[PDB]
Amino acid sequence: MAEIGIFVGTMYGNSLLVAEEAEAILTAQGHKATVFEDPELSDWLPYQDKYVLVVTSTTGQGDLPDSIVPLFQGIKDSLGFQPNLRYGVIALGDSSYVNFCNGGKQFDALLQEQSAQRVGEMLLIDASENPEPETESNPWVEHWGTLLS
Ligand SMILES: Cc1cc2nc3c(=O)[nH]c(=O)nc-3n(C[C@H](O)[C@H](O)[C@H](O)COP(=O)(O)O)c2cc1C
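In this text, residue positions in the sequence shown follow PDB author numbering: the first is 1, and each later residue adds one.
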């Protein structure tokens, strides 16, 4: 039975709420999930022989949240290649602007630039018109969790 590192990138907690639901769903299906609200390469590392998943957002001029910048730089510069990494991605932000989920999209790109192999398609939550993001992400995690071991 699989184990899932559930790495988070936020400055306001809305993507973190979805990550806590994602951990609960995978745990209920039977997989040993673990959510990380303040992650590091040291917590990403234990899952390269396994599976991982991302729940992230956007900040500044369209940059990654500072809570996941040290994970994004760490994997980019001190890991470099991941041909056997398997995962899934949820991204969350405001639809009112051109950088729609651009910080979460950069974290999916962190893994495709390293030859990882996602077990699904990236979910894009529009918080400014979607005040119940659980309803946009729970059936997505329940589905993705059937594609594990
Ligand atoms: C400076 C700034 C600009 C933002 N502009 C965007 C944007 O262009 N695209 C987007 O998807 N999210 C954007 N966001 C994210 C919003 O804050 C959004 O309301 C989000 O849901 C906040 O919750 P989160 O951090 O948990 O995701 C921006 C955040 C900040 C700090």
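C-beta atoms are modelled at their ideal positions from N, C-alpha and C, and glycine is treated no differently.
Straight-line CA distance for residue i to residue j?
i: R86; j: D43; result: 16 Å
i: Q48; j: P131; result: 34 Å
i: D38; j: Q73; result: 14 Å
i: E20; j: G120; result: 19 Å
i: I75; j: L111; result: 9 Å
i: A33; j: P46; result: 12 Å
i: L92; j: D66; result: 15 Å
i: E129; j: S96; result: 9 Å
i: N14; j: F81; result: 30 Å
i: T10; j: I68; result: 8 Å
i: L41; j: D108; result: 16 Å
i: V8; j: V89; result: 10 Å
i: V98; j: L124; result: 13 Å
i: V35; j: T56; result: 12 Å
i: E113; j: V54; result: 16 Å
i: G104; j: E23; result: 18 Å
i: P70; j: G60; result: 16 Å
Whose C-beta lies closer than 6 Å to the C-beta of residue i among residues of the same chain, with five residues either side of it excluded?
i: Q106; result: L64
i: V52; result: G5, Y87
i: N102; result: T58, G62
i: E134; result: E21
i: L17; result: none
i: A116; result: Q82, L85
i: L147; result: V119
i: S149; result: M1, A2
Considering only residues of the same chain and omitting the five flanking positions on each side of residue i, which have a CB-CB separation below 7 Å?
i: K50; result: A2, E3
i: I25; result: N138, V141, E142, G145
i: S78; result: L41
i: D94; result: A127, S128
i: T27; result: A33
Excluding the 5 residues flanking residue i on each side, which residues of the same chain have their C-beta closer than 8 Å to its C-beta?
i: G30; result: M1
May I have all residues whose beta carbon comes closer than 5 Å to any heavy atom of ligand 1, sorted in chain order?
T10, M11, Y12, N14, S15, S57, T58, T59, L92, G93, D94, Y97, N99, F100, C101, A127
Sequence ranges, beta strand (DSSP E) only - wholly within the segment 8-91, length at least 3
Taking only runs of at least 3 residues, the beta strand (DSSP E) segments lying wholly in the segment 8-91 are 32-36, 51-56.
In chain order, what are the residue ranges of uninterrupted alpha helix (DSSP H) at least 4 long that sit wholly in the segment 119-149?
134-144
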